[PDB]
Amino acid sequence: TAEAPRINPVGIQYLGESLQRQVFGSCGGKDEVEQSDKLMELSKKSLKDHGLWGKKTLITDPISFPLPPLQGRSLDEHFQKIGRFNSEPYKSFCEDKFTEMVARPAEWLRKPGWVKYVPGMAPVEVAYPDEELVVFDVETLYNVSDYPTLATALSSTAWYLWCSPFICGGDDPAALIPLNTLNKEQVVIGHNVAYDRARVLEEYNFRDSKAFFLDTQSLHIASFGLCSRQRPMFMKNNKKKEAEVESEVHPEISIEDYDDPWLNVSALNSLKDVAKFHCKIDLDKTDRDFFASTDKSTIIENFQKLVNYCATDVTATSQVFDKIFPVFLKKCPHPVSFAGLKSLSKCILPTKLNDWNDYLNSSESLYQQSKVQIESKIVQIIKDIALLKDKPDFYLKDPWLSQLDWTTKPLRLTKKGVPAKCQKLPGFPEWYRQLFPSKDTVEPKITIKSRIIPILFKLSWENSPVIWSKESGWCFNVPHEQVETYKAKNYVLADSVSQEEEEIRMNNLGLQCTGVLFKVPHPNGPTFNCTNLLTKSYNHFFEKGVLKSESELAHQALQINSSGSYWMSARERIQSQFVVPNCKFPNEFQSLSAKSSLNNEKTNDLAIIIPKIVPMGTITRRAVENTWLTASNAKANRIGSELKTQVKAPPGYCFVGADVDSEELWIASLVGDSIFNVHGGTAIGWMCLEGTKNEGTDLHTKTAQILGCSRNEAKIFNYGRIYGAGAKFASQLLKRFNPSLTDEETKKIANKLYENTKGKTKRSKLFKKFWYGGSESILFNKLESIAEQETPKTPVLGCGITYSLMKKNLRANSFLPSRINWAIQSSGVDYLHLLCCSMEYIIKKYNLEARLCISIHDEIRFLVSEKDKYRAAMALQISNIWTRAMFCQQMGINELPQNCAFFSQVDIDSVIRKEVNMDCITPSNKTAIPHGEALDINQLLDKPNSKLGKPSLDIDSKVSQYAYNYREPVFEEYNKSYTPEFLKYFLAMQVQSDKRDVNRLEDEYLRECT
DNA sequence: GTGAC
DNA sequence: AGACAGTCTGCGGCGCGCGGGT
DNA sequence: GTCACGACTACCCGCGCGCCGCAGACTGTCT
Ligand SMILES: Nc1ncnc2c1ncn2[C@H]1C[C@H](O)[C@@H](COP(=O)(O)OP(=O)(O)OP(=O)(O)O)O1
Ligand SMILES: [Mg+2]
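In case it helps, our numbering puts the first sequence at residues -4 to 1005.
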């Protein structure tokens, strides 16, 4: 009948016979079990200590369907051969690059288009440079338009200059530089090259391009780190540079270089600093103001100077690249890294123009309408208050109005005449004067973020007025009788200095002391001070009634603060995007499919945005985007949060997308389970693999149900406990999730959870310090151990770490937590690169009509026509299973669990959102969007027209030419240092639950070693 | 300052 | 009719709190 | 009954507000 499931000694299911044969081929691991039996016993003991032995898991029928064959006897051979296939011929052009540079022409000619100069010959006019490799730089007049003005290119033989018609006697500034990227394969090298790519004429096509734009900044960051640890490590570099510039003498003996050697191997990200560091070139930056002008006649003069400046920039960039590139080849030697770098350097965003303009208009209009309306009333209140200065008796009794500086200076008199020398407001109180910045200002300025607002809005805490102090922040007065009682409420007294200042101010104003000052609590802790009382996390106190106001505008101010902060943060970046319409370039916007079959109706409003993506902008080799990878999600009360819904597909096309499930937790569990060689050998690995997302039995959901919070808050809590957070911070997090709890309750819960999770600690001379008795002790010990190696490498692809964070460059300020995080956060980049390479290979092999659109970390999307949508989903599933099998085989296990093999959901839609069934109603958008479609593996297999067709025979013939070289895995290199007796005794001690047993094992080891 | 020696 | 020494008067750079994302 | 350093989520982007160091114009004796 049906096939029977296969189960380990632990109740975990594996793949079926067909999937096993097509993925892992034939393998045998029977010989390890004889050594593994002791480990199994240890694992069994651990599983009995936490009560997970004999507990049932999820068992389902096996899945079997045919797959495309592999190109080697192992996954490493397959991936290396496909990487060499996808990396050519750009890799050959990157090498054999010229070293000597040709001479510069004496005079430049002003002529529209492309002009080529060859030493010894006359200048010529050309249509395209038509070169394999060039170095490129672009200049533009940004205050006039977004279109380029001039450009220069350098090759191995000649020089090229491109001039716009706008500076050659024209009134139309809309022009783009042509390079024939749709038919000629080429490599263009530049510094921040995306900004230059955005100004190329033939890049505005839905059909794929054939040019590779390479960036030196990403190579420099990935190689040298730039001390970009986002800690005052970055501050010490600037401080040391300031100290060196201040000193006019250079002593032979150097102080603080012994303590911090890494100060000598770092620079900044700007091109001038990189050139000064690597190539010792002093690059002057003075002419950059000439491109800030409004009149174009300025550019007509000083033409030769500007062209020479741009050519000097080109020369510096070439000399920097010729030194940077071999180092990058040395640190990252796997072809998949280069293929992923090429894949992530080409992205496109199709939009529409009128919708974008309407969205911008509404988003600005609502914001200004709210802001002006509230500010008018605040100014009116200030005007009414400032009129009573003539009666000292009325305001000297008010508890709030008595804290203002009611002092007036005399009017100056010069030679018995009016001086009239910049006197802003004579004979007025000081608090009123400070509102006006200068004499020209006629109306006082005020904002809800000002400091005197809790004085203008009479605020009370526990039915007591608030008092501003110098040393502390906001405080309130409690009489002597109840001082002990409020100590039961865990409030904290202020320091003695503020007490003395309060005493002297009350003696100056002429009253007697009746109590003491208590501090308003702060969310972070008792040490921090409170400075603002109208921000987030004070709304709950306003709802309860602890914070009270005598004015109705406090609640409206809180609403306005909650509603319009993200627009205030991102308006300038959102409104300054470069959008190119269809009506201006009618010969460019070509369709993805060759058989267009006309159908140009109702397509009169189309646009394309090219993002400015830095492929490697972090120490962990992640990509950086300032606008599109920092975009908010749609919310019911947030203005302008519908940004990502503005990306729309043209008629006849759609978006197919996916996102990886529980990514880095799975990687950490795999690292922890690699010691025992069996999936589920540790308690956390067994807890992670028991259920699936579709049944609502994942670890994040269970944590949320136990803690009584949402799933995102559970994700934060779980990712906070790992990477080294304390119990006090966990208690503060629990307080912030549920603000109705008591301090002791949260402390007890956090203490119990940390005791159950991590365990206890032991210090021994032989085995240093180690955790024991917990369900995640082995994982913590392994993560601590792998970060102290001499040459740290990524376990999957073998990428190296930056020079700034290596051991030999550090004697103090170890920066330990980043070195702990680095490997786990850097494995995701390799995951993404493998996924992209697999998708590119499948698309090229089976002639699908698809192209990558956007990749936000572990989320990816593709633009696919209506005919090949389910084939694209199938290719995504195959890529996922290949990547997971690669990860499992590299770490030493030749099996894969069935539950984690495939994506949970695959999304097909027409816009970009997080969930298909979202109306996306915002305060600025009043129209709902129809829902999309989401599919799992069984529903995908049930549908027709989802099967791949006939393949091309020549692709495999081209792939088979490349070579394969065997390499040894990273953990196998790591395991050579330790003797097996040390390992077995350490593993035996890590699973014990009492100090006496560990001491006995240490004594037995000491007796055995002799 | 605080669980471990 | 300058000389110059006090004597204010704003103006710009810097750090920090506070929000968005995986 | 002492003790010896431990202890610490991570990676990115950017704006408004208070604070302080200076460049510049204005009297006022002074020659
Ligand atoms: N506060 C955070 N701290 C550390 N890492 C985080 C944090 N938030 C997100 N990440 C990291 C860990 C994730 O594995 C990785 C991918 O992001 P994300 O998809 O949001 O988490 P996830 O994959 O575990 O949940 P899900 O299964 O719903 O996709 O980014
Ligand atoms: Mg995910």
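Ideal Cβ placement from N, Cα and C applies to all residues, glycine included.
Asked                                                                                                                                                               : Found
Does DSSP classify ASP284 as helix, strand or coil?                                                                                                                 : helix
According to the neighbour-count rule (16 or more other Cβ atoms, all chains shown, within 10 Å of its Cβ), is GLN364 buried or exposed?                            : exposed
Helix, strand or coil, according to DSSP, for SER69 in the structure here?                                                                                          : coil
Quick one: Cα of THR307 to Cα of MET96, how far?                                                                                                                    : 12 Å
Regarding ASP902 and ligand 1, is the C-beta to nearest heavy atom distance less than 7 Å?                                                                          : no
Shortest alpha-carbon distance to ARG962 belongs to which of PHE286, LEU37 and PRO790?                                                                              : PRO790
In the segment 701 to 759, which residue ranges form an unbroken beta strand (DSSP E) of at least 3 residues, counting only runs that do not cross its ends?        : 754 to 759
Let me know the secondary structure DSSP gives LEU196 once reduced to three states.                                                                                 : helix
Compute the beta-carbon to beta-carbon distance between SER941 and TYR865, rounded to the nearest angstrom, for a pair I have assumed lies under 8 Å.               : 4 Å
Taking the runs of the alpha helix (DSSP H) that are 4 residues or longer, which of them lie wholly in the segment 545 to 606?                                      : 548 to 558 and 560 to 570
Check whether the segment 856 to 865 and the segment 648 to 660 touch, using three or more Cβ-Cβ pairs below 8 Å as the test.                                       : yes
For the structure I just gave you, are there three or more beta carbon pairs, one from the segment 418 to 433 and one from the segment 388 to 404, closer than 8 Å? : yes
According to DSSP, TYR9 sits in a beta bridge with which residue or residues?                                                                                       : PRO892
Just list the residues that DSSP pairs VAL188 with in beta bridges.                                                                                                 : In DSSP, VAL188 forms no bridge with anything.
Taking the CB atoms as reference points, tell me whether residue 1019 and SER338 lie closer together than 8 Å.                                                      : With the chain covering only -4 through 1005, there is no way to say anything about residue 1019.
Quick one: Cα of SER31 to Cα of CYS831, how far?                                                                                                                    : 37 Å
Any idea what DSSP makes of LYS763, helix, strand or coil?                                                                                                          : strand
Cα separation between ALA699 and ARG706?                                                                                                                            : 5 Å
Are the CB atoms of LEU528 and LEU454 within a distance shorter than 8 Å?                                                                                           : yes
Hey, how far is the Cα of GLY67 from the Cα of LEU324?                                                                                                              : 25 Å
Is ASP654 close to ligand 2? I mean its beta-carbon at under 7 Å from any heavy atom of the ligand.                                                                 : yes
Taking 7 Å as the cut-off, is the C-beta of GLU596 nearer than that to any heavy atom in ligand 2?                                                                  : no
For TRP562, which residues in the same chain have their Cβ closer than 7 Å to its Cβ, ignoring the five residues on either side in sequence?                        : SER358, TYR362, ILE634 and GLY635
Residue range of the alpha helix (DSSP H) that residue 1006 falls in?                                                                                               : Any question about residue 1006 goes unanswered here, given that the chain covers just -4 to 1005.
Going by CA-CA distance only, name the one from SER664, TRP469 and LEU694 that's closest to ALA489.                                                                 : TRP469
Could you tell me the alpha carbon to alpha carbon distance between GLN820 and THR615, rounded to whole angstroms?                                                  : 7 Å
Does the distance between the C-beta of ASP853 and the nearest non-hydrogen atom of ligand 2 fall short of 7 Å?                                                     : yes
Give the secondary structure of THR789 by DSSP, where H, G and I count as helix, E and B as strand, and everything else as coil.                                    : coil
Give, in chain order, every unbroken run of the alpha helix (DSSP H) that is at least 4 residues long and sits entirely within the segment 829 to 884.              : none
Does DSSP classify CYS222 as helix, strand or coil?                                                                                                                 : helix
Evaluate contact between the segment 291 to 299 and the segment 182 to 193, counting only Cβ atoms and requiring at least three cross-stretch pairs below 8 Å.      : no
Report the three-state DSSP secondary structure of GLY505 (helix, strand or coil).                                                                                  : coil
What does DSSP give as the partner residues of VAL129 in its beta bridges?                                                                                          : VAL183
Do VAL655 and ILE77 count as a contact pair if the criterion is CB distance below 8 Å?                                                                              : no
Under 7 Å from any heavy atom of ligand 2, does the C-beta of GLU658 make it?                                                                                       : yes
Would a C-beta distance cut-off of 8 Å place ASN233 and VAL673 closer than the cut-off?                                                                             : no
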